[PDB]
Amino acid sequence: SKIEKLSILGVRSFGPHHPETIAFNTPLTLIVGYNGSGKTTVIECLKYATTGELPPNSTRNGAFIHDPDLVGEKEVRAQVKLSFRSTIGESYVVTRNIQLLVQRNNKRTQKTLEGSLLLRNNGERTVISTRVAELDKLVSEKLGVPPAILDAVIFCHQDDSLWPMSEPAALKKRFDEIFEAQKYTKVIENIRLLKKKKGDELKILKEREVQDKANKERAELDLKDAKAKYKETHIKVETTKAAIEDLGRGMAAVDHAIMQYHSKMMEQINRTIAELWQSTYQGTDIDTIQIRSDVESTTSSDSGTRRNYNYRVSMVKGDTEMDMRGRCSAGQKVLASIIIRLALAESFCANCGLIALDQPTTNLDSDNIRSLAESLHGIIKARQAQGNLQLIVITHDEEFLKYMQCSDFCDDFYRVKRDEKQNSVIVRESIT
């Protein structure tokens, strides 16, 4: 999977007339710029292009669309275009359009216009879909990334980048999505319903079997026919019994595979998190952090067995383990959230090396700024040859840039600036 080029028109501080573009490097796309230049907007456009999700608190009132009053028109059309290649060689472009009207009554109304996923063959166009509902499905499907991963891990909004350190209910929600826990309980539950239904049939069938057996002893129509219906019903009974077991064994197999998958996944995730923490965190006070999962089970013959995962991020010091929630510093929260997202990206999409880190050194001190950068350099070096990585870093931290030593990977970087009209523009610069 790979993302090639992004096009932005009329989104936030990007003007409505002339599209601005950025092309993504491998293994690293570096984006710098002043406060309010428009860097975070770039990642907003990647998330919108891939999922149709708009930034939180910007979904209505057209905060996402370049404000009509600034340009002097009563209507502004926004457009985002993303070109990418699927896991197989294939080449796609997704376009999305959104409109913002200022009516004569000053009322603003936002409307989502038609978009399109189109396939390019040898450089020539074919329409795959023009329905926004399918685009979400199709793009992630082509990219090789679940939507829950695009949303929470890869294109995580800067305002939301600390979700791993949030309250338990919220944390659970995001892991439940990432693990699709609602989907598999619905699987288990449907099988259970079917099993109960086949169970009701079996009671009726055994009755009938007892009845047809007796008619055969009395006949013993006629005894030759009397044996026929007895046999027909006997087979339905035995056949139903077998069906009941198969549904039951299958139900158990599904539950077991699901429970082991979850364990394996969590074991991998905690390993990476432990490695990332021990390498990068300079403090002595926390040796490692871990995601601990507490399963709540409720078992009844009517509701069968339903598992509920509760999740916690704990920090480990010596013998002691404590829940980090409500107990970690601003800087610790920032580092833990980045590492956990890296760990999830590595476990859940082991092969698409895609993640956006928007201003990773927030609240980090000088030592941690250095080590984080060197760890990022270390991740890149290890995976550069494999061709796996498309990593996007946004920063204006000069200390961070210096220690990353990105020139080893980059021939260029992108700078987002405001022009004289105060429009966001994206200029490509030489690594020099």
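Throughout, we count residues from 1 along the sequence that is shown.
Going from residue 114 to residue 115, you skip over nothing: the modelled chain follows the deposited sequence without a break. Judged by mean Cα B factor in the deposited record, 291-299 ranks above the other of 152-160 and 291-299. Averaged over Cα atoms, the B-factor as recorded in the entry is higher for 345-353 than for the other of 345-353 and 163-171.
Across 187, 223, 313, 194, the greatest Cα temperature factor reported in the deposited entry is at 223.
Looking only at 199, 360, 250, 318, the residue with the top Cα B factor in the deposited structure is 318. The PDB entry assigns residue 44 a C-alpha temperature factor belonging to the lowest third of its chain's modelled residues. Sort the modelled residues of the chain by CA B factor and residue 182 lands in the middle third. Sort the modelled residues of the chain by CA B factor and residue 399 lands in the highest third. Sort the modelled residues of the chain by CA B factor and residue 125 lands in the highest third. The deposited CA B-factor of residue 1 belongs to the highest third of values across its chain.
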